[PDB]
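A short write-up of the structure that comes next.
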Amino acid sequence: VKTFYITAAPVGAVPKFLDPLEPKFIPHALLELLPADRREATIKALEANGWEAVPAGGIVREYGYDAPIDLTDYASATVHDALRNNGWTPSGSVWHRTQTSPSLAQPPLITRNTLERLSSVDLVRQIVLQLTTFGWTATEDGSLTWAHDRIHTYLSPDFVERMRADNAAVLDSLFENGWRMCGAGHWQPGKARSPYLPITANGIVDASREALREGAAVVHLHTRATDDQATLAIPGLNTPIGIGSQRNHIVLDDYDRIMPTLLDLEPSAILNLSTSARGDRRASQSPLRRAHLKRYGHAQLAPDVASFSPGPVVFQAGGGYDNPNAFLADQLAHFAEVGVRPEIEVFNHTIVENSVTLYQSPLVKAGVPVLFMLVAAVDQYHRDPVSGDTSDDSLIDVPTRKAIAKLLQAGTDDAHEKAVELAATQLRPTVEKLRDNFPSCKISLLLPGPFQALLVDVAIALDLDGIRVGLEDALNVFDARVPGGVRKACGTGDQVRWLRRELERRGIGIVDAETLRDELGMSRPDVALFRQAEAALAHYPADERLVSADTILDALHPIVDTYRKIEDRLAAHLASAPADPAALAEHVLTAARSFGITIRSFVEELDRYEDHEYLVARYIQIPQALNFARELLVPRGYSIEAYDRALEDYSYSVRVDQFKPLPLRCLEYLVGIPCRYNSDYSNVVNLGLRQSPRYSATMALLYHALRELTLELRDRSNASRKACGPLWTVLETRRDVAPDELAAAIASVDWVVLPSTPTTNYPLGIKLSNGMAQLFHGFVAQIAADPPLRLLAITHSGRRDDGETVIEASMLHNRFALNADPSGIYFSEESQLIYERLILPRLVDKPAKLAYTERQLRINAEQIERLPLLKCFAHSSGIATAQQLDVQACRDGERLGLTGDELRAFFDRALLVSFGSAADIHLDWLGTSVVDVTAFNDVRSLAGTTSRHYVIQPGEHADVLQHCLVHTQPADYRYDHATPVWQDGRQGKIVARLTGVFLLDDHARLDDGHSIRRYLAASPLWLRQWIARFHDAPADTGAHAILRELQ
Ligand SMILES: [Mg+2]
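Per our numbering, residue 6 is the first one in the sequence shown, and the count goes up by one each step.
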């Protein structure tokens, strides 16, 4: 019931990046070899960058960092011996190392057992912390290992002495593994440094991505200047030492790269940019502190949140920045004009004071709820403007912080609670004071370094709204597998994972970015626009009989206008001259996706093409993108001369008469907003829209108008005329016959294949209907040869009573309208033609009279159990068509009178296996039991459903997905990890819902997730076992079959 929202802070201002592949020790002989001035400059540059002078007595494990030393570039008696002592040999003016160290043929490893031999738990930690700082990584075993082809790890004499004293055998182990003693010189302890800290645009983007997929909802960003970036060239070393301030600074070119990238890959993520002037107090009133707060990308979106501190920030550790009132006034003014919400970084008590009094009104006016960030356990000063004397203005006073730090080191549970009580008692006045003066506000907590052990407990005690972690606050992460229980954090995502799993222990949930935007009142434009349509149609019934497309289009009028303005911006961008091959489509596609417009791949898109009979429907992607551009540029007056280059392809040109009107393109956009892909098909966004009460009804109304306008366009084309009524087809061993009036086909056949959306009664539809059928029979037939197969394929009616053509939109409206049906009463004419000739005979007694349109015109309760098991496959719209068969069965069953309980026995004689259910499964309805296999990236099925079981959240399933995105090859992929969830309906219906299912495409991505082929291809062996058991079965019941499968 209790939830937090996690803020991730990847960059920060203080910690620095330290390259693992840099030398960590420089022998004095190598520096002393330099000329006096160069030696002096080099040393002071090293010491400025964390390098500490150190005597002999330390050990090193080095390989691959040697380089020749030509003295002509600059001998000495004191040096000469030191060089030869360190394994160097002269050759005139040239020195080189003949001394050899053990290669890295097999990775150096310090076992957990070796570490545990040490008595001091304190010593072990610092050893683990030092090596992990150098790039060493902990294993699942709990050991430390080095994976790179070079190595240069050094430990100080202090380490060696304490190691020797605690246990000399451990130290000897290093000696037998290639470590060796060192002379005097300089080394890099890497204090306040990490090999995982991101200071480049690409690094920051990656770090943010990692944190977000682990559960973070907000990303707090910094940037680092590189204006003093330099490298030191040390003699005898083939790798230079990176020096630089890595100063905290607002870099506009970095954000120009970071922000659009994050908007593309992480659309729902709440971006929080730092406005801090820490590291440059003299620029406290610079307009640069808001220069990065603008509209980014083609979507012209701004950062959602920016840092804001009502008062000076003065660190006791040194540094800080001032926030003058005129400046802060300009900030808030700019924040408002751009659409940015301030987050109050509460550093001091003076910040609190200024927040609940003078800035109280302006902060509320800036937007509600007001966001607060409690910078706890960070020592602060207040400076008397007259005397200059400093007082302790920290949220947690320095005496109490020092106290808490001691109890943390005690490690006992008793000192922990006393530490929590100390932190909570100190912070509670500030929390209460903020909430008493701000009726609508959110408050988050951060803790630096060691205090992070209190982060969860203190946040719970104060009933806070959010918790912040990241490399900005701490560079370590708690790991119980590691000796000492602590190691270097492999990025912010590592720490976010720790926090999430920590909260999961206590039964505390987390809030994803998409959900938090609703709470904070900062939802995305496209999400808002869809909800705008939902509201505009809220008072209209989902029944196609009770509302017209004209009325629906009339209600969406202002939204069509809103969409048009978006389309203008896409058109103008395309008219900004490019490309010559058919790869121009890639330009259009990328342009479309960045503006939020998804050029969907329609199977029936050929109906708009005049020469459709002379075209190959395999290469329909490149031309549809070309015509799309033409479709947008022509009505406005732009030149499409660059296009129609489809002439250099193999007309694919779409006639102007078949161009989609403005409202038609608008409807296509709206229905494409829920369950979107990100820019590179790594994730699915806008998932929350499905949980709306009016979602299905809205989608039903949309596809209604989408149908009416598409059919209108189809009637003016040479689109293949469709036929009335369904087509029945049997597949043996594949064989293919087309029965017309034979119920004998049903009895002879193992499985029935229910029709999909594009499988209608017309040349292309029949080809597709045959295809899916064949795919299904190769599938079950392949299972037969494992620890006379006949298949029945059903094709939908192509034309209804009034001569109206049956298209995709027709099936989808039927799909969504069925979702919005509370009672089991809705079905279509297409479902009727299939039902009465397939299911109805099972209800009555012996053959009846059927009309010319193949439509129709008792009980035998003892023979209800005698009915054969009807095993059916379903894909896409299949589960919708199937449940409509159940409805009609209940209506005829009630007309005949089957006492309901016997109706249950009827449905026990049927069985359903659905792959990619694109419609909701009404659990409480009377109907056929279903095994549901739906993929997470099956966005088409996702958009058609409302079940939460299809949505993957940070957990084990999310881990497998992220693993398969990089290491796993597509053809090998099988969703073994899928977890079946069992459900029992009010009226006996049983549903086996698989969770964690996803489908890899050819690029190991999440696109093309509606492929029935991939659904069957990537099918796990244990799932085949289920289907095998279904096939090899006597006259057993459905309920009995799957109840046994639960074990
Ligand atoms: Mg910050």
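Where is the CB? At the ideal position from N, CA and C, for every residue including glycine.
- For the pair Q234 and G249, the CB atoms are nearer than the 8 Å cut-off.
- In the same chain as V956, and ignoring 5 residues on each side of it, the C-beta atoms closer than 6 Å to its own belong to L692, in chain order.
- Judged by DSSP secondary structure, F878 falls within the beta strand (DSSP E) whose first and last residues are 875-881.
- One thing to note: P731 has its Cβ no nearer than 8 Å to the Cβ of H818.
- Considering only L890, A1033, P668, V482, the residue with the shortest C-alpha distance to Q500 is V482.
- Sixteen is the threshold: when 16 or more other Cβ atoms of the shown chains lie within 10 Å of the Cβ of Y568, as they do, the residue is buried.
- Looking at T435, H101, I788, the one whose alpha-carbon comes closest to that of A1022 is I788.
- In the structure shown, the three-state DSSP call for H354 is helix.
- Comparing C-alpha distances from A274 to each of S528, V639, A34, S96 shows the shortest one belongs to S528.
- Leaving aside the five residues that flank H354 on each side, the residues in its chain whose CB is nearer than 6 Å to its CB run, in chain order, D398.
- By the C-beta density criterion, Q385 is buried, having at least 16 other C-beta atoms within 10 angstroms.
- Applying a distance threshold of 7 Å between residue Cβ atoms and the heavy atoms of ligand 1 selects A14, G17, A18, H225, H227, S279, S281, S312, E350, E477, given in chain order.
- Closest in alpha carbon position to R492, among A976, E215, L480, is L480.
- Separation of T94 and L242 (C-alpha to C-alpha, rounded to the nearest whole angstrom) is 15 Å.
- CA-CA distance, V621 to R650, rounds to 18 Å.
- Counting C-beta pairs closer than 8 Å gives three or more between the stretch 886-904 and the stretch 926-934, which meets the contact rule.
- Take the alpha-carbon of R486 and the one of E145: they are about 7 Å apart.
- Per DSSP, the unbroken alpha helix (DSSP H) holding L267 starts and ends at 257-270.
- Distances from the CA of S881 to each of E859, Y840, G905, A923 were compared; the closest alpha carbon is that of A923.
- If you ignore the 5 residues before and after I645, its C-beta comes within less than 8 Å of the C-beta of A634, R635, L638, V639, all in its own chain and listed in chain order.
- The C-alpha of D211 is placed about 30 Å away from the C-alpha of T984.
- Per DSSP, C446 is one residue of the beta strand (DSSP E) stretching across 446-451.
- Distance from the Cα of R511 is smallest, within the candidate group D177, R89, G601, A464, for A464.
- Approximately 50 Å separates the beta-carbon atoms of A702 and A458; this is outside 8 Å, ruling out the contact.
- In the displayed model, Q861 falls within coil according to three-state DSSP, outside both helix and strand.
- With a 10 Å radius around the Cβ and a threshold of 16 neighbouring Cβ atoms, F30 comes out buried.
- The criterion of a C-beta distance shorter than 8 Å is not satisfied by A197 and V59.
- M186 counts as exposed, since fewer than 16 other beta carbons sit within 10 angstroms of its beta carbon.
- Excluding its 5 nearest sequence neighbours in each direction, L23 has C-beta neighbours in its own chain below 6 Å: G195, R198, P200, listed in chain order.
- Within its own chain, the residues whose Cβ lies closer than 8 Å to the Cβ of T236, once the five positions on either side in sequence are excluded, are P245, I246, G247, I248, listed in chain order.
- Secondary structure of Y10 (DSSP, three-state): strand.
- For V621, there is no enclosing alpha helix (DSSP H), as DSSP gives it neither H nor E.
- Setting aside the 5 residues that flank it on each side, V754 is surrounded in the same chain by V735, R795, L796, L797, each with a C-beta closer than 8 Å to its C-beta; the list follows chain order.
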